[PDB]
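What follows is a single chain, given as structure tokens, in the form deposited in one PDB entry.
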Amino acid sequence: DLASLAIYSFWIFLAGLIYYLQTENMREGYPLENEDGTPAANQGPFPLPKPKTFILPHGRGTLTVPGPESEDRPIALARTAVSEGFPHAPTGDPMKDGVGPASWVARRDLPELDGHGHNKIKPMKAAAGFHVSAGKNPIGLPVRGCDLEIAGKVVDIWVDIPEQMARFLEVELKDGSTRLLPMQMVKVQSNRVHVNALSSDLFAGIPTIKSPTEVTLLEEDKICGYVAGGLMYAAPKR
């Protein structure tokens, strides 16, 4: 009857759908590779999809996935066992080398742009009409790291213009230079900002940005990468 016809068609439609959905989520990271960068033997039962191309808004180009894949960058790691399946030790300093939880990707070295084609993220000082509107304003607070030692002072907040939110604190070092800390890895307390991922001596180590009113996607990754990595790697000093 009609109902057993409907339920049985549905199970089929649902298999088709899982299929579509599963291949659709292969537009990235595939094909699978062995530990050495080589195409793996067994790829799974799902084929890659026919490619798609997104048109990028600001004469910024194209993305066509799936496509040829690569880190466009060295990986300071080496094998620690004699077969597939084990960890790969950092060959140098994992924070400095951006591996493990300090990793970053070779994202594009320009800034995300808003819908109007302007930089999405600006230091508040360059952002017309933008001020702190609720909560404790961190600007001027000393920044203290997980060793409980002061590593600098907050000198501006970098804001997302179209979404009107804090995204970084720009912090000044003994140096007189500055660094971005991601807004999401800091505690704004009443008389200080607390940063648990890093100890005071690792602030200098934060990747730096090439211009003081822009960040590029690439730079953002090296920054976020670095400070998250600190949770594992600073933890001795902590």
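In this text, the rigid core denotes the largest set of C-alpha atoms whose superposition between the two forms falls within 1.5 Å. Numbering starts at 1 and runs along the sequence shown. Shifts are known only where both forms have a C-alpha.
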item	value
101-109 or 67-75, whichever carries the higher mean Cα B-factor	67-75
Chain-relative CA temperature factor third for residue 34	middle
Residue 118 CA temperature factor, ranked by third within the chain	highest
Modelled-residue ranking by C-alpha temperature factor, third containing residue 51	middle
For residue 194, the third of its chain into which the C-alpha B factor falls	highest
Entry-reported Cα temperature factor of residue 168, expressed as the chain third it lands in	lowest
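Below: the form deposited in another entry, not depicted.
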| query | finding |
| --- | --- |
| Which one of 51, 39, 47, 57, by Cα shift of 2 Å or more between this form and the one not shown, core superposed | 39 |
| Core-superposed C-alpha of residue 25 shifting 2 Å or more between this form and the one not shown | yes |
| Direction of C-alpha distance change in the other form, residue 28 to residue 207 (at least 3 Å) | farther |
| Note on residue 34-residue 86 C-alpha separation in the other form, which departs from the shown form by 3 angstroms or more | farther |
| Core-superposed comparison between this form and the one not shown, runs of at least 3 residues with CA shifts of 2 Å or more | 20-44, 235-238 |
